[PDB]
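The form deposited without ligand IBP is given below as one chain in structure tokens.
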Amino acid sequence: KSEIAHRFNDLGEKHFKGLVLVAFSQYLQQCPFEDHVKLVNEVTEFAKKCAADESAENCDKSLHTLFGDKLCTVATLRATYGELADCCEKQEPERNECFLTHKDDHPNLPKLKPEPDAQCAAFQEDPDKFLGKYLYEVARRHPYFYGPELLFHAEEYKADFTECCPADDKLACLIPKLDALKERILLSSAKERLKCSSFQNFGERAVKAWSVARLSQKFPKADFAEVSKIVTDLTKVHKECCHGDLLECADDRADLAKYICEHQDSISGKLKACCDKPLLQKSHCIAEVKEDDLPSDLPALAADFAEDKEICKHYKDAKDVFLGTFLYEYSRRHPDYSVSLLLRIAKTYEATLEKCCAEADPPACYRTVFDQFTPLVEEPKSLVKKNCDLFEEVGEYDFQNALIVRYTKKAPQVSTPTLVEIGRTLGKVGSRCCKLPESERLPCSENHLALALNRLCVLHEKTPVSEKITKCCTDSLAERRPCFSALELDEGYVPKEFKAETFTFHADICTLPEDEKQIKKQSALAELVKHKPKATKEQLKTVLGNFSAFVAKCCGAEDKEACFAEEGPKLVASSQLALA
């Protein structure tokens, strides 16, 4: 009878309030913490009152109706949120689509700078407030964050503080832990955003093909029915989270974990560790679980997908099912391939059938279909060996610099902060993937590149500046990384006029932590490319090295600002000449 009462009962007050706080924090990203808390309470009160009597007036209403209504009660709505006040005129489901349109993927709130001393205070004083504030701060910065997973990270955040606040040195215990968690948040946010972006820009079909590939690699022991079952269920979970249906998303996610763990012997040997854990840890562990050992009994695939003389009938009758089976089969056999590569391979398999079956003798045509994959494997394997050999020679910073030069040339109309963010992210892929066992690099590299390129595309949706970026972002999800890689210098771009202040440093840089020092330098590097787009990466590397030396010198000076004042302009003048 009442969906809100039902969900409150399934989920419990703690998680219910957690998810509702996250939901409201993502839709309304500028509201102060105390405004959202009270909205959560009001809605939770309504749920308890409905749970007492489901036939009561308004308890029949949908979750979108009840949450949307509550968000539209908020004080100073039209002033703080001009556009969302317009959404409040509309009824559901129109109102929710409108809300979703207005989520801000670049809110530009301050960095969460961890103050161990002042935070341990607030955690001791009121943990429910302090833990709650963490949900709100992370969620508003990442408005598409996977809600149940954010409740999970809040539990790690609680645990870091529980361990580190009683200790003598708060910083040395806590800082490395909070730094690790911020990295995990970044990555996880980027994973969920790609899933939402796929729904948005390519629909549920692409989300399913993607999931079939990955889950098949993860669970090669599972049969096509079990894989299909989990994909269907997992797809509905993320469709709900991305659509904002956060309570439904959490409940269906718990259910799927239960199913998976009930059939763990069938699905995968690696689940045993995951399935002996509390529910949030459980689901997290399943989502991140290592791929299973390859089964000895895997079938030869030529006979069904190449030699069978009735493939054109199977393909014509049940295109969706037949190709699904191919993708499942090929992917469970290839955990050494990236997901995108498998989806390129699947598309090539389909293309080979479309062509061969329209022609007189299809069996002779499609007999060589597996051999059309060989070329597609080479291009990404070289790209990874090439960029891993560079990473290992030069290290993270210079690698990031290579990538910032490379992407700024591809899209010099993009804002410097975006180019710097993406280049840095693309460069962290080296630190994550190149150290790994050699079979794991390709999937790791390409999978993490997909996350970073989606971030570029998501920002480009907001602030479109480049026809080239648009095409790569919108054409084909699978072809996206190869499309980007194939861009050379944009030669319709007009060199940005030189502005001395852009390349002018002052002694303020010297106090900054190292990562922020690099960002300034890297920002100047992006600006160098925009000014001199035809300059080779090797010229730019030399000029930036001269800037770094200059900076290192004047930071080490007695009269720091007099050094920047005299030495700075000289280097600015001669920097122009080395880029011609």
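We call the rigid core whatever largest set of C-alpha positions still superposes within 1.5 Å between the two forms. Residues that one form lacks are left out of the comparison. Note that residue numbering begins at 1 and tracks the sequence as displayed.
The protein also exists as the form deposited with ligand IBP bound; that form is not presented, and the subsequent description refers to it.
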Spell out, yes or no, whether the shortest heavy atom distance between residue 222 and ligand IBP in the deposited bound form is within 4.5 Å. no
Residue 155, heavy atom within 4.5 angstroms of ligand IBP in the deposited bound form: yes
Taking any heavy atom pair closer than or equal to 4.5 Å as contact, tell me whether residue 407 reaches ligand IBP in the deposited bound form. yes
Considering non-hydrogen atoms and a 4.5 Å limit, does ligand IBP approach residue 89 in the deposited bound form? no
Contact test, all of 84, 97 and 330, partner ligand IBP in the deposited bound form, heavy atom 4.5 Å: no
Answer among 505-513, 100-108, 359-367, 125-133 for heavy atoms within 4.5 Å of ligand IBP in the deposited bound form: the stretch 125-133
From the list 120, 74, 151, 274, which entry has a heavy atom within 4.5 Å of ligand IBP in the deposited bound form? 151
Tell me, out of 484, 305, 373, 144, which residue has a non-hydrogen atom within 4.5 angstroms of ligand IBP in the deposited bound form. 484
For 435-462: residues with a non-hydrogen atom within 4.5 angstroms of ligand IBP in the deposited bound form? 449, 453, 456
Align on the core first; then indicate which of 224, 259, 493, 199 has a CA shift of 2 angstroms or more between this form and the one not shown. 493
On a rigid core fit between this form and the one not shown, runs of three or more residues in which every CA shifts by 2 Å or more occupy 75-77, 490-493
